[PDB]
Amino acid sequence: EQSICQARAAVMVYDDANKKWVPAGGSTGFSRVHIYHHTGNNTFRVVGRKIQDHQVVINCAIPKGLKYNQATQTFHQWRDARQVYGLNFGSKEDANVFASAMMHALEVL
Ligand SMILES: CC(=O)N[C@@H](Cc1ccccc1Cl)C(=O)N1CCC[C@]12C=C[C@@H]1CC[C@@H](C(=O)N3CC[C@@H]4C=C[C@H]5CC[C@H](C(=O)O)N5C(=O)[C@H]43)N1C2=O
């Protein structure tokens, strides 16, 4: 598996019951978020690790046809059959790096 981008973001998951964003993995803070490319079957996953303690806070597939929503220049989100994910980027450049790679992945799936 090959990293096609690295971006700084606080990884959030939406608490449907309480209608509130909560930190992925339970601990507030920024992570290094990759998109990893598995070339063997041309699959991509979002994998993010907290800068402080290396905890994996997100590890989710990127399916063909995903709707990736750029709500703001620093807050992007998407949904799967179970959860809603949100990335609160540390900078506009980080959001741009990540969005570029996500859009690339969705084009070649
Ligand atoms: C129908 C639907 O699911 N729509 C999604 C967006 C979306 C559109 C298209 C494809 C996928 C997605 Cl996830 C949607 O809007 N969702 C699902 C999570 C809850 C939310 C529905 C309503 C609210 C409106 C506010 C927005 C939201 O949560 N925002 C806007 C960007 C803003 C930026 C940062 C974060 C953290 C600070 C603040 C907060 O949560 O207090 N916040 C937000 O308020 C974020 N919201 C959402 O993101």
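Residues numbered from 1 in each chain as written, not as in the entry; some residues may be left out. Heavy atoms only, no water.

Going by what the PDB entry lists, the protein is known as Protein enabled homolog and is assigned to Homo sapiens. The record deposited in the PDB is entitled "ENAH EVH1 in complex with Ac-[2-Cl-F]-[ProM-2]-[ProM-12]-OH".

Peer 1: Could you give an account of the nonpolar core, naming the residues involved and the relevant values?
Peer 2: Considering soluble globular proteins, one finds that nonpolar side chains tend to be buried as a cluster. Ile35, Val46, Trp78 and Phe98 are the most contacted members of the largest nonpolar core, which totals 26 residues. For this core, the elements supplying multiple residues, two or more each, are β1 (2-15), β3 (31-38), β4 (43-50), β5 (56-61), β7 (84-89) and α1 (92-108). Ranked by the residues each element gives to this core, the list is headed by α1, at 6 residues. Setting aside chain neighbours within four positions, we find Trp78 in contact with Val46, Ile58, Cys60, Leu66, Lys67, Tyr68, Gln83, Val84, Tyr85 and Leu87. (Core = buried A, V, L, I, M, F, W, Y, C linked by side-chain atoms within 4.5 Å. Buried < 20%, exposed > 50% of the residue type's maximum accessible area, 1.4 Å probe, protein only. Helix = DSSP H or I, 4+ residues; strand = E, 2+ residues; numbered from the N terminus. Contact = heavy atoms within 4.5 Å.)

Peer 1: Run through the site of the ligand, naming residues and quoting values.
Peer 2: Taken together, the residues surrounding the ligand are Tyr14, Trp21, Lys67, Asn69, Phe75, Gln77, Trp78, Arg79 and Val84. The side chain of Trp21 places a nitrogen or oxygen atom 2.8 Å from an oxygen atom of the ligand. Contact between the ligand and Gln77: an oxygen atom at 2.7 Å from a side-chain N or O atom of the residue. Protein chains shield 50% of the accessible area of the ligand, which is 850 Å² for the free molecule. Residue contributions to the shell around the ligand peak at 4 residues, all from strand β6 (residues 75-79). Of the residues in the shell around the ligand, the class split is 5 nonpolar, 2 polar and 2 charged. (Near = heavy atom within 4 Å. Polar contact = N/O pair within 3.5 Å; in protein donor to acceptor, adjacent residues only side chain to side chain. Areas by Shrake-Rupley, 256 points an atom, 1.4 Å probe, with all protein chains shown as cover. Nonpolar A, V, L, I, M, F, W, Y, C, P; charged D, E, K, R; others polar.)

Peer 1: A description of the packing of aromatic side chains should follow, citing residues and the corresponding values.
Peer 2: In total, this model carries 6 aromatic pairs according to the counting rule given. Aromatic side chains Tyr68 and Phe98 sit 6.3 Å apart centroid to centroid with 40 degrees between the ring planes, which places their arrangement in the tilted category. Placement of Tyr68 in the loop between β5 and β6 and of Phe98 in helix α1 is noted, with a sequence separation of 30 residues between them. (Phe/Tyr/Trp six-rings, centres within 6.5 Å; stacked < 30°, edge-to-face > 60°.)

Peer 1: For α1, give the residues involved together with the corresponding values.
Peer 2: Between its terminal C-alpha atoms α1 stretches 24 Å, which fits the 24 Å expected from 17 residues at 1.5 Å a residue. For α1, the set of buried residues is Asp94, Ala95, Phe98, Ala99, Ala101, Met102 and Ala105. Projection of α1 onto a plane perpendicular to its axis shows the buried side chains occupying an angular sector of 165 degrees, all on one side. Away from the buried face of α1 by more than 90 degrees, exposed residues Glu93, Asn96 and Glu107 are located. Backbone nitrogen of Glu93 and a side-chain oxygen of the N-cap are separated by 3.4 Å at the start of α1; the cap is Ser91. (Expected span 1.5 Å × (residues − 1). Arc of directions from axis to C-beta.)

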